[PDB]
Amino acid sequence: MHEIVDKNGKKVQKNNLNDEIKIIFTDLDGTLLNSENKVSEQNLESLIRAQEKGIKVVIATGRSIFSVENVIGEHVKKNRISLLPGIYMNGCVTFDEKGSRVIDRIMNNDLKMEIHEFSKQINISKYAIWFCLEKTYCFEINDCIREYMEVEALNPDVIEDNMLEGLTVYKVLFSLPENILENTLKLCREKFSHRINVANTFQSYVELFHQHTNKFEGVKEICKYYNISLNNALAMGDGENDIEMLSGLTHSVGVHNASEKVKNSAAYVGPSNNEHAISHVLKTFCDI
């Protein structure tokens, strides 16, 4: 499966498009990266041609820039994928090309502690990874924290419970067991509606971050930087934390592996992340 189709299942054709796509925003895990957390050669080959044609490709991830650099560092070192500008921590940390934070949305400290106390009260504090600007922290290590470290490719430093109060954080990620994902998700959303964003971003990850921030806020700021109209931008993703940027832009692609809620928010449905998604996006929308 290597096609991109609209809501009616009709293939998108370049000659039918009246908008030049100048910039592509793409999620990392589950979108650009395959199940092996690698950039396929087909994708890599298309990204090279994109640079040649001056098409900007921007990462839009819940990850920090640091963990991203650890996963695709080889591609960054060869200047084949730029991390700046980039949208990180679900928009809460969005950088321009100068590494300046055009969005810097820290979590309120009272809310931080309330989330923390709540997590301990329901015993998911052990699964919590707290994100500062430069470092991540946890309170213990278990099979679920282990599972997080392996995929994230950047280990949190272990700290005591009392230390969280002194930290300035942007988000918390709960690497939960699959057997308490659904219920824990209800409790967080019930407890913290109109207080903080709650999203099941990847596998059994539950991320909490600034209520009025998301990836699409990052998209708007970066498009504004380069004087690019949103109509000349394209977003692609697979997760709940991509919904805002997929529905916010006229041109957006939900990869096949995405859920139905995610696909419905996107303008188009494309190949899975294991099927060289961005390669085909670049073909259809930018003519290679």
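The first residue of the sequence shown is number 1, and the count goes up from there.
Annotation for 117-125 versus 72-80: the higher mean temperature factor (C-alpha) is found in 117-125. Here 47-55 and 258-266 are compared by their mean Cα B-factor, and 258-266 comes out higher. Sorting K215, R195, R105, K135 by the CA temperature factor given in the entry leaves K135 at the top. Among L181, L173, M89, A153, the highest C-alpha B-factor in the deposited entry belongs to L181. The PDB entry assigns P85 a C-alpha temperature factor belonging to the lowest third of its chain's modelled residues. For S279, the recorded CA temperature factor ranks within the middle third of the chain's modelled residues. Per-chain ranking of the deposited C-alpha B factor places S35 in the highest third. Among the modelled residues of its chain, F95 has a C-alpha B-factor that falls in the lowest third, as given in the PDB entry.
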